[PDB]
Amino acid sequence: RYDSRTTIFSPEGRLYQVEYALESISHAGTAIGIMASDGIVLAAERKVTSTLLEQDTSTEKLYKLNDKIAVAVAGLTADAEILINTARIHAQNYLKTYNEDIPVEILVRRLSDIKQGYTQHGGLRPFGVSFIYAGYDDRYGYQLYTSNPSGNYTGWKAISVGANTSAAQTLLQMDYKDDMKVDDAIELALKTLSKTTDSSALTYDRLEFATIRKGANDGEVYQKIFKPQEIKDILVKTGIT
Amino acid sequence: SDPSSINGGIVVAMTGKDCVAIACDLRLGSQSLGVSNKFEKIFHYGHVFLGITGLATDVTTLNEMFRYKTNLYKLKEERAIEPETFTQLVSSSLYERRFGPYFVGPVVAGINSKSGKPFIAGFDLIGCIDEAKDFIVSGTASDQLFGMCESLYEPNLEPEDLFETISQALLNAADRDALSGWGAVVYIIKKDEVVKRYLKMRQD
Amino acid sequence: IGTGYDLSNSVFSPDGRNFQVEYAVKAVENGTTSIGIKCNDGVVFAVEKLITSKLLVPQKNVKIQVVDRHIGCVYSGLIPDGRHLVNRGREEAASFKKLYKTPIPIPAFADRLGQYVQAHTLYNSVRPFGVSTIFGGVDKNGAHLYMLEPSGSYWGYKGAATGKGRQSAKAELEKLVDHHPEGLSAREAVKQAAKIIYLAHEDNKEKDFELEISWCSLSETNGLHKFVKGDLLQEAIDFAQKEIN
Amino acid sequence: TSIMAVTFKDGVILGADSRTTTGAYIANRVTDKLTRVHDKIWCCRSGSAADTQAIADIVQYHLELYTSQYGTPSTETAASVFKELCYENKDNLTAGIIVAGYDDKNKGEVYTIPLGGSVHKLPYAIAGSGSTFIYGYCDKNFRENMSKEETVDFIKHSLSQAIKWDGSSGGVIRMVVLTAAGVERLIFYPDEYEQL
Amino acid sequence: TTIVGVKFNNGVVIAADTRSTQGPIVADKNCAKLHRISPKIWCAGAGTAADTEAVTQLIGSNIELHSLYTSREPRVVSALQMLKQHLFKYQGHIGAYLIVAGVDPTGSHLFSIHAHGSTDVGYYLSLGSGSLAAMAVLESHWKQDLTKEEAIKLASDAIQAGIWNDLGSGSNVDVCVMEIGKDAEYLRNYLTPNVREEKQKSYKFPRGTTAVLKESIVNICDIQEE
Amino acid sequence: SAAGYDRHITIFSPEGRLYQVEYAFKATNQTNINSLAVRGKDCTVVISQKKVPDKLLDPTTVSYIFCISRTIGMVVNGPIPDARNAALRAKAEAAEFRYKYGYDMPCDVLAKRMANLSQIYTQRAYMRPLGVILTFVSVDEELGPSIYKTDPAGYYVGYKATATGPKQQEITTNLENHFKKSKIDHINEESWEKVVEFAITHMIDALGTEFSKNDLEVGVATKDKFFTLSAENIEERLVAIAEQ
Amino acid sequence: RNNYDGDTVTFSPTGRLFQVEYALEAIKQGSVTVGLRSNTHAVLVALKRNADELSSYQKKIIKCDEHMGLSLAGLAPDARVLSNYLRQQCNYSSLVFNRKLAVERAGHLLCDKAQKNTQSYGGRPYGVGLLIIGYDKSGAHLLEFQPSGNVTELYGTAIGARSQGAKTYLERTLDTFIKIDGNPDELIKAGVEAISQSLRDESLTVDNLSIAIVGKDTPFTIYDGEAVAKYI
Amino acid sequence: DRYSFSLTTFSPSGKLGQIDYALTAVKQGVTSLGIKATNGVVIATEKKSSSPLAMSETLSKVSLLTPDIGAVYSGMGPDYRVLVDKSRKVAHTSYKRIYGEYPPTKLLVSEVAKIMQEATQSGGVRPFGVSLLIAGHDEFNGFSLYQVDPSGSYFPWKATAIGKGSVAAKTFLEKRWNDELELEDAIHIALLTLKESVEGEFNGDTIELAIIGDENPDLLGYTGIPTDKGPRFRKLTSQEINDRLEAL
Amino acid sequence: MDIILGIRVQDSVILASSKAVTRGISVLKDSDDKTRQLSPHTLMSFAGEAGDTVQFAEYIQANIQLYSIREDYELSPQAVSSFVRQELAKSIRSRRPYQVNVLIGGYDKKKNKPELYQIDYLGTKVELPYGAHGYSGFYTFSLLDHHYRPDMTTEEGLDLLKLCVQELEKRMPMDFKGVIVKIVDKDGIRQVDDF
């Protein structure tokens, strides 16, 4: 077996370690970011729940790293915390240094180098996490990417990770309207989230949501993590509640 | 004396009654040469306003410095930084360097949202708590302003009353200082509304 | 055995011992007999350095080595490994002299050497020691005799013994408690040391030996350690041969 | 300010003046300059209060650890320990220490460490900027192996003279008698001492 | 600034004026000048204002950990002994000049500290600019064995006398009494010798008596998107 | 079980625990020594056995009661190597603490910092746990008489009285009867000498074996001091019991 | 078991290590040298090896100093690290103390250096024997350095392949060469006889001989070709 | 097997064996629980004496990290003590110079988490043996409760429990929890839940129960300041627990 | 000695820099390059302290080129000007200084406006469309702004600059050996001859 250090290679010319990190995603919650010209939505699903769980005054799989860029989480949560904090630190370096907000491509690119660095160097784990990046820069507008646990990035207009990626992806690309709208993103996301999730009635206390818009309150970007009762409004439109 | 004295420039903040004003001059000079007639010394991280006096480099550099720390504070805790808590921070951060201490005299002002009480605080090179509910003045014309502001201050004032007091104060004191003046701008934080009123004054 | 327990020095057995430390004690046993005899006014150290061929040069290879000018130490087991514990020991000795402007007390030395052995069992990347070390001298409190184990255990002794012929030595030392409850005086103990090593050399018999004796005595070596050599050593040799016969 | 310790037949008696001075103003007129570093061994502090206070503290924890591991310290031992601090910091720090102790095997001892330091054995040592004046006095009127009472009276008169010719010497004359009768502090009022 | 610390046979009381003087300009009329090391250890600053403030928080945190470790009321020897080694290292390049006062279950204690630091164990002390003014009052109005009410009349007199003679002091006298095993009652504005003189004229004007080039409106409240 | 588990202290078992640490709790049976610590009202007493089994060993070099610092004694039970290692660190830290903090290091605080020390050795695989049990005795100035026992795990807890050894249980049961019936957690007499008589008696019944002066070593902690008794002082207390 | 055939930090049940034992093997596959000495001289005679007859043969004599020198038998890589070290110490003694390093004193430094690698888990342990000669204040001395670090002062000794016949030459003639002093010629001839017997299924040739000599009258000099075809 | 002889690789069903064993180590502990109300927070634990002669009164298993925030644990005893030590130090550094008074509850949890996380990261390090509960009170997010897992993740909760009796405590809390509880009411739930776990020894000598409610200027050690806020943390004595334990 | 000039016109930024370099009492050459292109549409003229101008110019040029090349699209004059200023602000707090004053005149393509910034030797970034440093700004703060018409073109600004230069030679005892004028526009950067 190859398991001892990450300084080795399996006969596929990859490492078994990378495969193990891959699988870590597909036992966590489901995550979907759909981009439109009029705003990008980020959505995540909770992988624990109780009625004595506080989840109505908090989120856990949704962090803003600067006031123009936000991330969703799928993977273990223990892995997540360390790398979020570093992305956010890198953003404020950018702000300090250049007097402006970071591009989406770099911020992701850095983070991807760092994951690969723990594969590359030492007997230290790969970090089995997939993050959905939804950002703005005034060079390529809205930008949706995701970052691999192997540590590479690929651009997008919609993507799903998490649990049942394949099932989710076919469903997203079917219903993708070509101009798209932020209101349709929001609508599509709930529908797609439902079928993967093992509950038949998706609910707002079981939902995390942020929508990013510059298409209303123009000339500036305002990113809003939704409050629980608003999430309830959008659920009522999709006819789930 | 110090480098803070060579470059100069004034930031004065004051309290009335459920309001603050923090105002500044538009002069940046580097010694004898006047450099900009329009460099604003007022900056802000949420509702907390940070003025900066002193050497020209540290006006730009410390601004970047305190921006960095208020942005990590804001995101993690999901609330605005408070003027009560920012006073703690300014004093420790400047104290980090003591063997290369930053040569500035800041003024912090804001209004706390967890009580609505008005807060102004004064600092020096490496900063100390200096608590006021009256006024904190700073710069090369600070000795003029300390008396000018006391003289015109009448305790307990309206948001509209406080404009008058800080304007007459700045107007003569900046003018009758070498290294200060050359325009002024006044920010009246009424509670959470900020109106910006440019002072027509002469070019010094 | 297996299941750890000797495979590293960190890991511990359910018995209350460590079987890797037991094989180190076996290495002290294999080494050549050394004895030390405490006295009411000195210490005598002796060693058996066996002669394997006559190609060796006589009185030139020994296990007696001095520390300062008044602490004698002698080692059994793995020969270069006992040398090294003395070489570090010598470094430790010097530090103490420089800082406090005083000669080292023997129980002070005793603490400091056993901290070196113990450090070599806290790490799986450091092989323990496998040497016992008989030691002592004359100081502020008079004469003291110690011995240190490769476990990293040590205690004070009236008579001490280690090596291959240690089975004889132990017996002669006991005869001595009874014979003299002062543990014998330092002058007559140089001769007592020689006789002991001769009965011990009956357990090594197939070969010849070379006997080196050293001493440190309060007023018969003047607070200082010096090597027993000359007409002194030959008298010690004559006593031994006579009483063995 | 002036400090001394004089050996006697059953001990060692430390003598010192209590005024501590920064410039011509007296900081405090009751500073204890005789400071414990160990059970049977105490040091005298002169010079700068600040430098001598720090160097005693460092040695205090060290001689505690010496007593636990390495058996009972000596005055001799103590004095060298102060030397190492004094020699390396001969330019950073200025530390006047008279290092006086009592053994049941070496009786009272008085060792004096200059600024630079060096361990020197003396039948009495005297140190400070108040020591200059009283030298000749103590040189003639040293009787050796004199009684406990004879020591205390001798020291009392010598230091009286130091107070007359220095205003940074004065206050109360404090004494630590390290003997086999315990630790006895003594204090002497200006009413007692000056007529003498 | 006059600082006085006065031990007594039930506790300690430390007092100081509230007025901050940095050079020839009065920096603040009132300010708390009693700095907290620990909740029964209160202390007052002299020399540099920024350095005495800055040091008392770092140290005081280490005494607070130690206060939980020992599970006991906090000790003044521990506070003083940490300042005493700490101030030494930078060799006066960071100074801090303090009357440390506190109480402990081993009794009441009183200290002074320097820039480099040395111990001075007094019964009554004064430090600062108003050391020379305060001293003559502490010495001569002193009775062998003080109690609570006595200790504070002697202490207050000494501040009020140094308000007259010194000009580094003035305004209201802020006081802190720390009595052994009993709460520290903070008496700010204990003795107020500060008289006040009012302006004979108004200084408020109707608008348009200042001139306005232009106006502008900036936010400090975030935007929505809905 | 065994598949990694026992071979490390950085590899957890299926129970979540470490077999390897737990095997040192079985290292007090190998030296075959028992302690007894009891508190009087103003004192703390510690008595541990002294084993001299050979006439080539002086009674005064074999001791297990160590002076750590002026007011602090400690008894060691278990192996001679880990005995020394613990002793050093406790002396270096006690001396260092005392002048840094200006306080005499209480029984709770020495027991605390050492237990912390023992936890640090277990988290890295480079280091190993101590094997010995250290039972610290001091009369504190903040709590009077105290016994805190620190375990080879880095557990530490207070005790009315505590015992350690292979026959530890038999003494425990004897102390249980004593404090329970009287309804006090101390030995009632106030003189430290007469407390030491009571403690010696409980042990001789409990083990079943009469002891001698060179089969005990006794340390006695009084108000701000510690001292260890010599054999002739110990004999005086033994015969105190023997003849009423 | 032989779970100890990998660990050099873990004792073998005998009390040895296998690594130290294998290191003696390395010496056996190594190239023969014979030492011997007298009071006023010491000589090293060593066999040069070749892999073919277009090889110009391996130096088996390294000049450590102008009065001290060594020869090897075993691992040449390990021989290099210790030769470096050894010259550094002899030059140190001539720099600071204007002193020749005693043969015996040098050897005790090399001892700590062997056992450091035994204690550690890092880098190779040694596997070469060095025969050391010098001439100091205490006349010529001959040490046999072992890769364990054991240093043994003899009147003659040998290490390398098939070295048990050199010990038999030396034992018989032990006294012949104690009596000869002041004749470098005699001492050189005695090693040459010695290493003929040592070898088996070989013969000596001119350019297989490298003889290195130091004494009280003879400077440190290496003889080759026509300076060693006088003693073959 | 190899997914907890090494920490690099993972199970193909997710997570290291080390984490699942670290949870086993939690349950081998005493039972600890917390209940949040809207005017208070109760925190409660049991203490095994584990000798008739052991004094668990001298060391309590409810320990203030800072004056407004106490914590408990369930899991290994040695592992708790160093971890608590680091809580007190980081707290002063991280926010008693930024805000000049002790931290938010919320903040100290994100700090603690990074430490637990770092011991899950690499080989030659083991997870901590505990899961903690950190309860506290600040004015910026109000009353809060949290569970801090040795995986390196943390979760806020309204009421939760951990330890040996966790699985019994959790269903119990679901039933008795309401939308508005009082502090007194939450203490009355807390005693019943823990009593399911241990019975035949339940008394306030052996059960330690304490609250985070309002300020105590009495545990503050000073008064005379119009703005002072004393320890939100408060210990009930043995006698006070008995008054509540009768009330059932 | 050593002047740098700047004017912002409403379609170009025009930087000028002296061709003269003096070390000792000796003018080393009457042709010296003292302005470097950071990228093909952003130009840094620089002047300042002895041989610091050379080390600092090449250090700054290389970094901007790396970031333009890295992003794969040249950075704004706004990004560029903070970065240069920030190097300087670190240096005066470090144990080695660089005291080099500079002007960044870029054509910003991001929002389509020419941008002249004034960056101090101290390390102070302030935007001014008539900035200038050393002893130049003592004469040209006033000359540019007297004749300054609120809208400007490349044609208008060049005659006014030439005039400025003509004053400097007259009232300083200096020699600049003329000045090279490189014009920064939307078509890149070019050299055009002037007095």
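Going in written order, the chains are labelled A, B, C, D, E, F, G, H and I, and every chain counts its residues from 1.
By definition in this document, contacts are C-beta pairs under 8 Å (C-beta built on N, C-alpha and C of every residue); 3 or more make two chains touch, one makes a residue touch a chain.
Per UniProt, the chains are A = Proteasome subunit alpha type-3; B = Proteasome subunit beta type-3; C = Probable proteasome subunit alpha type-7; D = Proteasome subunit beta type-1; E = Proteasome subunit beta type-2; F = Proteasome subunit alpha type-1; G = Proteasome subunit alpha type-6; H = Proteasome subunit alpha type-2; I = Proteasome subunit beta type-4.
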Contacts common to chain B and chain F (chain labels): E, H
Distance-maximising chain from chain E - centres being C-alpha averages: G
Core chain by centroid distance, with centroids computed from Cα atoms only: H
Computed distance of Cα centres, chain F from chain C, in Å: 32
Euclidean distance of C-alpha centroids - chain E vs chain F, Å: 47
Centre-of-Cα separation between chain F and chain A, whole angstrom: 57
Contacts with two or more other chains, residues of chain D listed in rising order: 57, 69
Where chain A touches two or more other chains at once, by residue number: 96, 99
Pairs of chains, among all present, that meet the touch criterion: A-B, A-E, A-H, A-I, B-E, B-H, B-I, C-D, C-F, C-G, D-E, D-F, E-F, E-H, F-H
For the chain D and chain E complex, residues of the former touching the latter: 20, 25, 27-28, 30-32, 49-51, 53-54, 57, 92
Of all residues in chain A, those that touch chain I in their complex: 96-100, 103, 106, 138-139
Footprint of chain A on chain B - complex, ascending: 64-65, 67-68, 71-72, 75
Residue numbers on chain A that touch chain B, as the complex places them: 63-66, 88-89, 92, 95-96, 99
Interface residues, chain D side, partner chain F - complex: 57, 60-62, 64-65, 68-69
